[PDB]
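Here's the structure, in structure tokens; my notes come after.
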Amino acid sequence: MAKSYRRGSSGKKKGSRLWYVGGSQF
Amino acid sequence: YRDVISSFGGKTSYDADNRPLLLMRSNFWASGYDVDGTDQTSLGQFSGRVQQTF
Amino acid sequence: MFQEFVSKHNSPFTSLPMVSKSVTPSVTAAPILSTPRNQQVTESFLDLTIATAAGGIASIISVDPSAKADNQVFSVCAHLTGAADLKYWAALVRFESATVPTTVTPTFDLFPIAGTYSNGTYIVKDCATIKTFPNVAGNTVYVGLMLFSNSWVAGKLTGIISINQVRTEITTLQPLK
Amino acid sequence: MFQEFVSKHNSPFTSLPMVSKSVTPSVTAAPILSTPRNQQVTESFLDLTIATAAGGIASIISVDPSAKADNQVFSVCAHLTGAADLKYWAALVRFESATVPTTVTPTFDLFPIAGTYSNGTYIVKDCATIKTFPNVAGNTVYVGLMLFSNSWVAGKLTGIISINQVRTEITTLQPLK
Amino acid sequence: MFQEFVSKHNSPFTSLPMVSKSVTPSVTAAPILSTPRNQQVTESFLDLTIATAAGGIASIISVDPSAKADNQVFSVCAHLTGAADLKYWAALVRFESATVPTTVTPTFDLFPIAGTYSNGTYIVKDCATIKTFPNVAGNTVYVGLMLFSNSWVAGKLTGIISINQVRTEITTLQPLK
Amino acid sequence: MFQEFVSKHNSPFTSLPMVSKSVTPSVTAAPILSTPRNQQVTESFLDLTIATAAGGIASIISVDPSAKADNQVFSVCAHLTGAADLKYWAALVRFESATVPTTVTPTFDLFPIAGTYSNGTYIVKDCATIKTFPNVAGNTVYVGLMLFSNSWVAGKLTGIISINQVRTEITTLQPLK
Amino acid sequence: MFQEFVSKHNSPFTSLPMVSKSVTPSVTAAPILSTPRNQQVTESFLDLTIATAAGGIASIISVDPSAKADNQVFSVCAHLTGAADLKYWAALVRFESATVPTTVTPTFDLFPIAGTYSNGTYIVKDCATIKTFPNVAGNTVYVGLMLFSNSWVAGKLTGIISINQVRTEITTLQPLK
DNA sequence: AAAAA
DNA sequence: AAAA
């Protein structure tokens, strides 16, 4: 009954990477 | 260790560093619907239940 | 557990100050403890002095004539007590008059009310349905609680009495709504 | 909070005037306080004088034969009290006769009723289901409240008793409807 | 207002005649006031004479074995009273035997029941769920109300007791249906 | 049978230790037994000594100002008892002050509460709706249970009192959910 | 009418045999009448002898740790009575210990319970919600009914007490299903 | 592969 | 060469 404003917390990522924790993290 | 080798342009098998082999990953979101109360006290409140097939 | 959001006799949000007075029970001229006011009321007494006589006393409200509907619900809650046993019982009363009354008319209608009475303490939280249209045009209907006894015992009484007329309903906070 | 719009023993809109009389309890000829009338009734007493005897007394109504249905609900509300302890108990009664009765027939059926009894004050607001079709053709069924004691104590009693037969239902004002 | 069409302990449509008898309370041989009969029963007493002893007395019904279902509901309503204080309490009882019993077996199960007890008057309208399948094959289960006291006081008792087994349900007239 | 998952006065999960103190009832300066704390509280007493005077005593909580809503439900459960009869009655109280109070203000509002009172034992499990917005800006509203008597009897009292404010609800295990 | 298939304190299907014992009330070492057992229990007493002292006695069960859920409902039903007045009151108790206890720990939590108390007879059918997770790891939580008095009177008591923990629900026969 | 399909 |  409500797709966009109930699924996810932000928009789609089309740009540079933001987070670097030292490797893969899942 | 496998990240250091990857920066040089090489690669390591999963037997080199003794790591498990990933076969498949699945990602989905779970949704549902709402149920309405119909008695004197709960007329106007709702309860949500989540049921998603995958 | 869940809350019970359902009750009888929703009470007024403000109460009258505690007072003291002396009355004499009467059969045809039962006195009224306070001046009747519109719809709900709640009052408490520090010392209510009753003389030895036969009859009753009443606490009365004035019925609201707006929202034309013959059948309406009236509720009551009272914890009257004392130091001795005065040998009394209680019931609801309905009567009407053309002016503001200080007593009860000789003719009236009684409605059964179920409470508790151990020795001289009376507690009740009951309600009933009473007609509100006047029988004779130009009159105002009055409803209240009457304490009746065939032979009163001289003594003093204290407690609290509250009357409500269900013409509207009160909303409350329900955290799950 | 919300109002409870649900109750037992909806009461008649008019009540009989308060009276006084003297009765003698009987086992096979239990007296009736007033002339039975159709369906509901409510009455109050200023002084009911009971002599020392064994048996019971009853307040009786006449069952409405219209709206053919064998099983119907009967309700009661009464706050009987006095100055002394008379050592009595109460229950519902069913009996039938071919004419208007002044007493109760020797054979009758009793239905348990749960109330309150501290010393000599009895209060109850219970109800029960009773068959209405007569056992013998040409008779009229009677239902009421009976006060029974194996050994009555001489004294005087006062209170109010109300009986109702649920053949129809009463509507009231619900502000949210 | 609306009628409450919901109640505990629907009562039998016919009652046994009032009787009088004398019993002696026992701990291992508690007597039975009447011959047990199938499913519901209701009885009243004019004078029940109890001697000074220790133990209990019971009014018993026989469980209906048809409609195979282990868990069933049993209800009770009783207004026992008297002239003096006999210092007793009550609870439900379950026991079984291979023949029609005149007393209660030494081994039995008790179920708590919540009523009212002012001085010597007991009133209750409670109900409970009890297993109905016999523990030993070839026996019949019995359920009833037992009055127990560690030291009875010599005296006489009067009242009415009713027991019901909920194997079926009773329909009543609902005017709005 | 099914469980009733619905009740009045859900109780706090922790209780204060039992204490003993002596108080003097007052009409305009009614003392407070303990320091008021936010929302719910429950306390028990081993010996509460009351001197001969006129007035009342109260157990008070402080209303939570968050979750802005004028009308909210307050509940109470208390089993106060003693060795003698102190001739008192109880009701809910509402008052406000600009600082943490040790007594009750001369002006307050009373709300009827229906319980049980046999000789000197008081038991109640009632609830009511009370406004929470202060009448004068900069004050804090206080709600509690007050025991009032026109003439106290010197003696000692013991029991337990619990107060709750319904700002949120408590969940419990329902096996069928 | 219809059956009420909804009740508080569903009772165990088997009860312990009636016993007799003597206890001494204590404030910090309140004795336990029987060895605690898992979840529900019901017991009856023929003569419980209480000496003159100050403190309380308790009947305790052991909380079932399976079906991990912090909040659960506990119910109680008890009809304790006697020949004299012992001047006591009752409430629920929660405490925990690392071993099987014979007494109650000095520190415990009390939960208000609303019943009836005329002279020395106590009847109650209430229930409450209590947390079940232990505060200190490696302990077992215990819940029961405690009778407390600031000054006990020497005497003997008799009655029946039943405790239940709502971890599962019981089904019953509904003829209309 | 958190970010409507 | 980086959005590694």
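Note: hydrogens, waters and symmetry copies are ignored here, and every other heavy atom, side chains too, is used. Chain naming here is simple, since letters A, B, ... match the order of the sequence lines and numbering starts at 1 in each.
Regarding contacts with the backbone of H:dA4, every side-chain N or O of A:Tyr5 stays at 4.0 angstrom or more from both OP1 and OP2. OP1 or OP2 of I:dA4 sits under 4.0 Å from a side-chain N or O of A:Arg17. Between B:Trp29 and H:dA4 there is no side-chain polar atom (N or O) within less than 4.0 angstrom of OP1 or OP2.
One can place CH2 of A:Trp19 at 13 Å from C1' of H:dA2, the figure rounded to the nearest angstrom. Rounding to whole angstrom units, CZ of residue A:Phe26 and P of H:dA2 are separated by 10 Å. Rounded to whole Å, atom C1' of H:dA4 lies 14 Å from atom CG of B:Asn27. For the pair A:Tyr20 OH and I:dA2 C1', the interatomic distance rounds to 8 Å; values are reported in whole Å. In this structure, CZ of A:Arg7 is placed 9 Å from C1' of H:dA5, rounded to the nearest angstrom. What separates CD of B:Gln52 from P of H:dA4 is a distance of 16 Å, to the nearest Å.
Counting non-hydrogen atoms under 4.0 angstrom, A:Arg6 reaches nothing in the nucleic acid. Residue contacts for A:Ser4: at a heavy-atom cut-off of 4.0 Å it reaches the sugar-phosphate backbone alone, with no base atom in range.
Counting distance only, with no hydrogens placed and no angle test, the side-chain atoms of A:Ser9 and the base atoms of H:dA2 include a donor-acceptor pair under 3.5 Å.
Heavy atoms from other residues, nucleotides or ligands lying under 6.0 Å from CZ of A:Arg7 number more than 12. Atom CZ of B:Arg19 is surrounded by more than 12 heavy atoms from other residues, nucleotides or ligands within 6.0 Å.
The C1'-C2'-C3'-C4' dihedral of H:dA1 is positive. Its furanose therefore counts as north.
Bases H:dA1 and H:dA2 do not qualify as stacked neighbours, criterion being ring centres under 5.5 Å and ring planes under 30°.
Side-chain contact check for F:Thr140 and F:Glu96: no donor-acceptor pair (N or O, by modelled atom type) lies under 3.5 Å. A donor and an acceptor atom, one from each side chain of F:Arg167 and F:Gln72, are nowhere located under 3.5 Å apart.
When the nucleotides H:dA3, H:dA5, I:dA4 are ranked by their closest atom to the side chain of A:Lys3, H:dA5 comes out on top.
The pair F:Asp126-C:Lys125 meets the salt-bridge criterion, with a side-chain N (NZ, NE, NH1 or NH2) lying under 4.0 Å from an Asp/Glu carboxylate O.
Taking atom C1' in both I:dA2 and H:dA3, the straight-line distance is 24 Å, to the nearest Å.
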